[PDB]
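First, one chain by itself in C-alpha cells, the form deposited in one PDB entry.
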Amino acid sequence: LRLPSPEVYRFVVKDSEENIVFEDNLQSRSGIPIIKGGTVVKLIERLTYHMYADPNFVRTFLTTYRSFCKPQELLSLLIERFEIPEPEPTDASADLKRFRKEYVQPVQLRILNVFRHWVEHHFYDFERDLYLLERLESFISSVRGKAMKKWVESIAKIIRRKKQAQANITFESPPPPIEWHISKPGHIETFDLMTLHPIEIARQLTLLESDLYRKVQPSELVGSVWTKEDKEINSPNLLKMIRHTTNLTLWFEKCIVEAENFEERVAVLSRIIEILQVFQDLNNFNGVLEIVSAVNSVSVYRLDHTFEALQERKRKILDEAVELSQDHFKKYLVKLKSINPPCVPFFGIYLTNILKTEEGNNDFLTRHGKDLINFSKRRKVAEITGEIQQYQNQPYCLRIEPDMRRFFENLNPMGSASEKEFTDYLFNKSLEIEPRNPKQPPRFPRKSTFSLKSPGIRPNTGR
C-alpha cells in the first residue's frame, strides 16, 4: 500500500493490455497467473514479483531472455528493479515500515534469487562478457541489507566455484580396446576413410559428436539466434556442432564421388554403411543421419550403378537408416524413445522444429505504441530446447584415440572453396563418374593402392 509513482519507478505502472497479457484459460484458474507477453519492464516486474515466488518463470526467463533482451540490459533492468524509491509521504512513519517489509525486501530477495539462478545455470553469459561480471560483482558487493547477507554470500560462492572450474575422463567400467586396420598410430598422414578401422571411425566420431552435443546450451537455440548477427556469441557450441555436421557430411560425399574407380567406389560406400551400422549400435543417431544426408545429396543420390552393386544386406541396412528420416522423422522419433543412453540424438531435427516455431509465431504481440514481447512463443521454444538436455548427462564408455580425434576435428573437405563451389565440384565429378547416358559406367583406374577389403565391424583386437 503506497508505492513510488510510476514516474520514478517504471515497474509499478498499472497492469493493462498496453504492457502485460496473461493466459485466460482453465489452467491459469488459480496458482500463479501465466504470462503470455509484456513489455520487458513488466516481464522483469513479474520475474521479481513481491506477492509470490515464480521458479518456473525464472527458469524459462533465464533460458529464453537473450531472444528479446541483451545480458547487459537484463543486469541494468534488475539493478533498476532493486533501486526502489520511497512512496510520496501522506503529510507527516508507519507506511515506510510496511513498504520496506512487504514490498522492498521481498522484491530485493527475488532479484538476488534471479542473480543466483543466473550465475548457477547461465554463467556462460559472464564467461562471454567480463564487463557483465564486473558490473555484477560491483553491484552485489554494494548490497548491505541484513536479510540480503546470506544471498550475497551464496552468489559469491557460486561465482568463486564457476571461476575455479575454468582453471582446474573417468571410466565406470572397462572401455573396449581401440581397433586398428591399415593406418597405424602416429601415422596421421596415412589416415583415410578406407585405412582406419570402420569400428574405430564410428567410435571416435561418436565421442567427438557426443562432446559437441553435450556442450550445446538451450539458449543457443532460442530465438533462432544461431542464424542472426550475434550468432558467434549466442550459439558458439551449436555453430561448432553444425560446422562439424557439414564437414563430415561433405567428407562422406567427397570420399564417394572422388572414388573414380567403380570397385573402389562400391567398397567406399560399403565401408560408410559399415560405419553407419556401428553408429547405430552406439545410438549415435547424429552419425546415422549425417551418412543418410550424404547418400541423399544430389551428387551421391544419382550414383545408381554404385548403389545397385552393394551386397543386398548392406543395401538393406542403408534403406532402413534412410527410412528413419522419412515422414518428418516418424521412425527416428520412435527409435530414439526406445534406446538406453548413452546416445547422440540427431541435432538437425531440433533446429528444424525451432526454425518452424520461430518463423510461425511473432516475436511481438504488437510493436504499436510499445514493444509487447510474445513470451508464450519463448515458453514453446524452451519446451523444444528442454528435450536436448535429457541426453547430455550420459558419457560413452569409449577411449579417445587422440590422433583420430585430431584427424576428425580437422576435416576440411571444402579446402579453400565456397560450400557452393565445392558442391558444384561434387556434382560435376558425379556426372563424370556416372554420366546421364544408358551405357555401363566408365572404367577409371584406382589412384590408391590400399586393399579394398573391410576388416568388418566385429571387434578383432576386441578378441
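In this text, the rigid core denotes the largest set of C-alpha atoms whose superposition between the two forms falls within 1.5 Å. Counting begins at 1, following the sequence as shown.
Trainee: If we scan the other compared entries, does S451 go without coordinates in at least a third?
Mentor: No, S451 is modelled in every one of the other compared entries that cover both of its flanks.
Trainee: Are coordinates for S93 absent in a third or more of the other compared PDB entries?
Mentor: Other entries vs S93: at least a third skip it.
Trainee: Gap size between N168 and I169, counting deposited residues with no coordinates: none, 1 to 3, 4 to 9, or 10 or more?
Mentor: Gap between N168 and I169: 4 to 9 residues without coordinates.
Trainee: When the C-alpha temperature factors are averaged for each of 72-80 and 351-359, which stretch ends up with the higher value in the entry?
Mentor: Comparing 72-80 with 351-359, the higher average CA B-factor belongs to 351-359.
Trainee: Taking only the CA atoms, which stretch has the higher mean B-factor in the record, 30-38 or 403-411?
Mentor: Here the higher of the two C-alpha B-factor means belongs to 30-38.
Trainee: Have a look at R98, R378, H197, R243 and flag the one whose Cα has the highest B-factor in the entry.
Mentor: In this record, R98 carries the highest C-alpha B-factor of the candidates.
Trainee: Kindly indicate the residue among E263, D211, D91, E220 with the greatest C-alpha B-factor in the PDB record.
Mentor: Checking the PDB record, the top C-alpha B-factor among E263, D211, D91, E220 is at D91.
Trainee: Per the entry's values, where does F364 land by CA temperature factor relative to the rest of its chain, in the lowest, middle or highest third?
Mentor: CA B-factor rank for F364: middle third.
Trainee: If you rank every modelled residue in this chain by C-alpha B factor, which third holds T423: lowest, middle or highest?
Mentor: CA B-factor rank for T423: highest third.
Trainee: Splitting the chain's C-alpha B-factors into thirds, which one does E290 fall into?
Mentor: It falls in the bottom third of the chain.
Trainee: So where's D54 on the chain's Cα temperature factor ranking, which third?
Mentor: Top third by C-alpha B-factor.
Trainee: Of the three thirds of its chain by CA temperature factor, lowest, middle or highest, which one includes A267?
Mentor: For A267, whose C-alpha B-factor we compare with every modelled residue in the chain, the answer is the lowest third.
Only in words, not in the display: the form deposited in another entry, which the text now covers.
Trainee: Align on the core first; then indicate which of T190, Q311, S138, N393 has a CA shift of 2 angstroms or more between the shown form and the other one.
Mentor: With the rigid core superposed, the residue that stands out is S138.
Trainee: So, superposing on the core, is the move of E409 at the CA at least 2 angstroms between the shown form and the other one?
Mentor: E409 C-alpha, core-superposed: shift of less than 2 Å.
Trainee: Superposing on the rigid core, does the Cα of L112 end up 2 Å or more away between the shown form and the other one?
Mentor: It does shift by 2 Å or more.
Trainee: Please determine whether the C-alpha atom of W251 is displaced by 2 Å or more between the shown form and the other one following superposition on the rigid core.
Mentor: No; that C-alpha moves by less than 2 Å between the shown form and the other one.
Trainee: Check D54 against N393 at the C-alpha atoms and report closer or farther in that other deposited form, compared with the shown form; the change is 3 Å or more.
Mentor: Compared with the form shown here, the C-alpha atoms of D54 and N393 sit closer together in that other deposited form, by 3 Å or more.
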